[PDB]
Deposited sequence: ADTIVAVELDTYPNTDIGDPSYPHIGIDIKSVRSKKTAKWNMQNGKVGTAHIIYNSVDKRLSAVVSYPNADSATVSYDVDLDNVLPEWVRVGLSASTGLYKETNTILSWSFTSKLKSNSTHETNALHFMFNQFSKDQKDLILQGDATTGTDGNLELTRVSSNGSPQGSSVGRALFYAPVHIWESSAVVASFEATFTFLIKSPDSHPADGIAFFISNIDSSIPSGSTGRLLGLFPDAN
């Protein structure tokens, strides 16, 4: 029953539910089946950066994911978020593992949202063990090497399967308003995805939800902690 808009960094192609047949970034409007995707050369054990932008003038959600010294992956999609989301939302990071797995480690996260001005800005370049400005859901924890581990990792530092977790910014965010002339947001995060396997799964997403969003039961694996099913 939640409403979700997300940008997904999908490490595991589930072609049975529409993923293209490679690792990819996508834009998800109310479904795990991305409205748009682009090919992504995920680099195991390397630190990448994701950058998500939107404004109400162009009505265009874009994302760029990059690693140092590599060509970046970019995806864009036309959508007026006033038609999808409620006026007030929470914003968050989600990740999952399944039969296959990976660390879903978040090293930094920033966000800015403006409504013309009213503004909200936060930045985490370090997460503490007791991060009262985050709502941690599922298996997500903070504080180990000052990072946000969205899914379960053991002490020896090895990722566990079938895990799901999220972190939402505590304050509601006014993401759109009819009376506003311009609304915009941007989000940045740095992430470290490492697998012992060879086959990493399942991904990390930046998402925007109704304020009371919770992890749907069963949303491990291909469902990214975002959706109750694959419709």
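**Student:** Missing C-alpha coordinates: which residue stretches of the deposited sequence does that apply to?
**Tutor:** Unobserved in coordinates, per deposited numbering: 117 to 122, one stretch.
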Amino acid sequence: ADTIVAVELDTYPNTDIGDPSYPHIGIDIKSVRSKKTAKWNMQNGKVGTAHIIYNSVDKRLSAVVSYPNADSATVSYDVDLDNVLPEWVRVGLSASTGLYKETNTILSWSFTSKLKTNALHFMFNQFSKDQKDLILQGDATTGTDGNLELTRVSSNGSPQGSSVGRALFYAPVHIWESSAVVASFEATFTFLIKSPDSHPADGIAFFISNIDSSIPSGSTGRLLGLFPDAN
From here on, numbers count along this sequence of modelled residues.
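**Student:** On average, which has the higher Cα B-factor in the deposited entry, 59 to 67 or 178 to 186?
**Tutor:** Higher mean C-alpha B-factor: 178 to 186.
**Student:** Quick one: higher average CA temperature factor, 191 to 199 or 46 to 54?
**Tutor:** If you average the C-alpha B-factors of 46 to 54 and of 191 to 199, the larger mean comes out for 191 to 199.
**Student:** Between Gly92, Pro86, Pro159, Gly138, where does the Cα B-factor run highest in the record?
**Tutor:** Among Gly92, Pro86, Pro159, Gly138, the highest C-alpha B-factor in the entry belongs to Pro159.
**Student:** Out of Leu134, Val153, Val75, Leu120, which shows the largest CA B-factor listed in the entry?
**Tutor:** Max CA B-factor in the entry, restricted to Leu134, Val153, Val75, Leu120: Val153.
**Student:** Mind checking which third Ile17 falls in for C-alpha B-factor across the chain?
**Tutor:** Its C-alpha B-factor belongs to the highest third of this chain's values.
**Student:** Should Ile106 be placed in the lowest, middle or highest third of its chain by the C-alpha B factor in the entry?
**Tutor:** It belongs to the lowest third of the chain when residues are ordered by C-alpha B-factor.
**Student:** Name the third of the chain's ranked CA B-factors that contains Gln126, choosing lowest, middle or highest.
**Tutor:** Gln126: CA B-factor falls in the highest third of its chain.
**Student:** Would you mind ranking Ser31 by its C-alpha B-factor against the rest of the chain and naming the third, lowest, middle or highest?
**Tutor:** Within its chain, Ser31 is a middle-third residue by C-alpha B-factor, going by the deposited values.
**Student:** Select lowest, middle or highest to describe the third in which the CA B-factor of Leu226 falls within its chain in this entry.
**Tutor:** According to the entry, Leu226 has a C-alpha B-factor in the chain's middle third.
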